[PDB]
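As C-alpha cells, the structure follows; a few thoughts come after it.
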Amino acid sequence: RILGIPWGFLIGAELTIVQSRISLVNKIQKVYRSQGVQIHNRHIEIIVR
Amino acid sequence: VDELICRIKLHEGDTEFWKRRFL
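Chains as they are written, first to last, in this note's numbering: chain Y, 1 to 49; chain L, 50 to 72.
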C-alpha cells in the first residue's frame with residue numbers, strides 16, 4: 001500500500017526474509033547453546049538459506 | 050465527479066518518487 005511496482009514486492013520480501021533469517025538462526029542457536037553445544041553460525045546459515 | 054477523479058495521479062515507473070516515499 002506504500003510502494004509501487006517491483007518496490008512494494010521487492011522491498012517487502014527483503015524485509016520479511018531478513019527478519020526471518022535473523023530469528024530462525026537465533027531460535028536454533030538458543031536451543032544448542034542452552035545445552036552447551038557449540039556450532040558455528042556458518043552451518044546453521046547454510047540450512048536457513 | 051469525474052473532475053475529482055482527474056486529480057488522482059499514478060506514479061508507475063517513477064523511481065525518484067518511490068525513493069522519496071521509501072525515505
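Just so it is clear, CB atoms sit at the ideal spot from N, CA and C, and this is done for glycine as well.
Same chain, Cβ closer than 7 Å to L:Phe66, five either side skipped, listed in chain order = Residue 66 of chain L sits at position 17 when you count from the first residue of the second sequence. Taken in chain order, the residues that qualify are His60.
Locate the alpha helix (DSSP H) running through L:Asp63, then write down its first and last residues.
-> Stepping through the second sequence from its first residue, residue 63 of chain L is reached at position 14. Segment: none, L:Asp63 is in no alpha helix (DSSP H) and carries neither H nor E.
- Query: What is the DSSP secondary structure of L:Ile57, counted as helix, strand or coil?
  - Reply: Stepping through the second sequence from its first residue, residue 57 of chain L is reached at position 8. Look at L:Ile57 here: in three-state DSSP terms it is coil, with no helix or strand label.
Straight-line gap, Y:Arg42 to Y:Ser20 (C-alpha atoms, nearest Å): Here residue 42 of chain Y refers to the residue found at position 42 of the first sequence. Here residue 20 of chain Y refers to the residue found at position 20 of the first sequence. Rounded to the nearest angstrom, the two C-alpha atoms are 16 Å apart.
Check the Cβ-Cβ distances between L:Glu65 and every residue of chain Y, and say whether any is below 8 Å.
In the second sequence, counting from the first residue as 1, residue 65 of chain L sits at position 16. No - not a single Cβ of chain Y is within 8 Å of the one on L:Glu65.
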